[PDB]
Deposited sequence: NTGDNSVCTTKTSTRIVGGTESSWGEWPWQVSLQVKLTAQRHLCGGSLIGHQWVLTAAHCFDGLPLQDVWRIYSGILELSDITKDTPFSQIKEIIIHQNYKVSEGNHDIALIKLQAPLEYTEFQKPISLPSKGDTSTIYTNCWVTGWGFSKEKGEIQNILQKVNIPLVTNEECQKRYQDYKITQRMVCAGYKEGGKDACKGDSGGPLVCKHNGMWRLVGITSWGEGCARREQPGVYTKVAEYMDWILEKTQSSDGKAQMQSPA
């Protein structure tokens, strides 16, 4: 997250960290807990070698440095990458993860409600870079960013097709955005006093540049797919 600040315990209780354990262990992507046994993330998080039994999913965590061998984690039972996703391309950047065991809902880990509206009060969170050529951040970062219309987003990225299945968010003069390592995490907005998952963090040209909004997978346009794959 560029231009954000530190979050607090329980503030974003659906945020998870997707890590890979090889000799060393590292955070690769964010995700959103959507049910006891389901996490939503970005398909591109799985672009690397499809190694077996390396992923560890951490929920109810604030600081990456607090993770040790005794910290509990979830494991992957199944990865469901959207069938039409293609590597190095934007469309359908979405994946479901079924966990090996159901997680309990607590004060510190709870699901984000899925969307069924002009959203105000939208936030993006994660442990990604705080600047374009940066590094993973230790404490979960948060930033408040306005949505832009798809017509405006398309005007900013005339070199790509911004589809109705994407949603964009950014400031005209930049400075606040998601970045590398935030991929797969949530873009949440308020409605009726309740948080809803509006987007999955996907892409931008650079990070936080003026007139270059972040591009997110628009969750509402994947609800039929989510319901089909989870039932």
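Asks: What are the unmodelled segments when the structure is compared with the full deposited sequence, in sequence order?
Replies: Since the structure holds only modelled residues, the stretches it omits are 1-15, 132-136, 252-263.
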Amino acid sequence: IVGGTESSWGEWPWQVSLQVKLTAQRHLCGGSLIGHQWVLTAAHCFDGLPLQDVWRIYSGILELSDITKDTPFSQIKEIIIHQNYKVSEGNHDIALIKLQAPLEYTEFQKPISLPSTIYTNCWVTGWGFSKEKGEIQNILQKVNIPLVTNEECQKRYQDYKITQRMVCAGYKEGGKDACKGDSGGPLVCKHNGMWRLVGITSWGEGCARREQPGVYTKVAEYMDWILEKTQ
From here on, numbers count along this sequence of modelled residues.
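So that the term is clear: the rigid core is the largest set of C-alpha atoms that superpose within 1.5 Å between two forms.
Asks: In 5 other deposited structures of this protein, superposed on the rigid core, which stretch sits farther off in Cα RMS terms, 42-50 or 55-63?
Replies: If we average over structures and residues in 5 other deposited structures of this protein, the farther stretch is 42-50.
Asks: Quick one: with the core lined up, is it 191-199 or 158-166 that wanders further in 5 other deposited structures of this protein, going by C-alpha RMS?
Replies: Stretch with the larger root mean square C-alpha distance in 5 other deposited structures of this protein: 158-166.
Asks: Between 42-50 and 186-194, which has the larger average Cα B-factor in the PDB entry?
Replies: The recorded data point to 186-194.
Asks: Look up the CA B-factors in the entry and say which stretch, 156-164 or 95-103, has the higher mean.
Replies: Higher mean C-alpha B-factor in the PDB entry: 156-164.
Asks: Have a look at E63, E173, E205, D177 and flag the one whose Cα has the highest B-factor in the entry.
Replies: So the option with the highest C-alpha B-factor is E173.
Asks: Quiz for you: based on the deposited Cα B-factor, which of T125, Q109, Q75, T117 is highest?
Replies: The C-alpha B-factor peaks, among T125, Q109, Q75, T117, at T117.
Asks: Ranking the modelled residues of this chain by C-alpha B-factor as given in the entry, is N138 in the lowest, middle or highest third?
Replies: It falls in the middle third of the chain.
Asks: Taking only the Cα B-factors deposited for this chain, tell me whether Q37 sits in the lowest, middle or highest third.
Replies: It falls in the middle third of the chain.
Asks: Please place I1 in the lowest, middle or highest third of its chain by C-alpha B factor as given in the entry.
Replies: Its C-alpha B-factor, which the entry lists for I1, ranks in the lowest third among residues of this chain.
Asks: Would you check the entry's CA temperature factor for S88 and let me know if it's in the chain's lowest, middle or highest third?
Replies: Highest third of the chain for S88's C-alpha B-factor.
Asks: Select lowest, middle or highest to describe the third in which the CA B-factor of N144 falls within its chain in this entry.
Replies: As the PDB entry reports it, the C-alpha B-factor of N144 lands in the lowest third of its chain.
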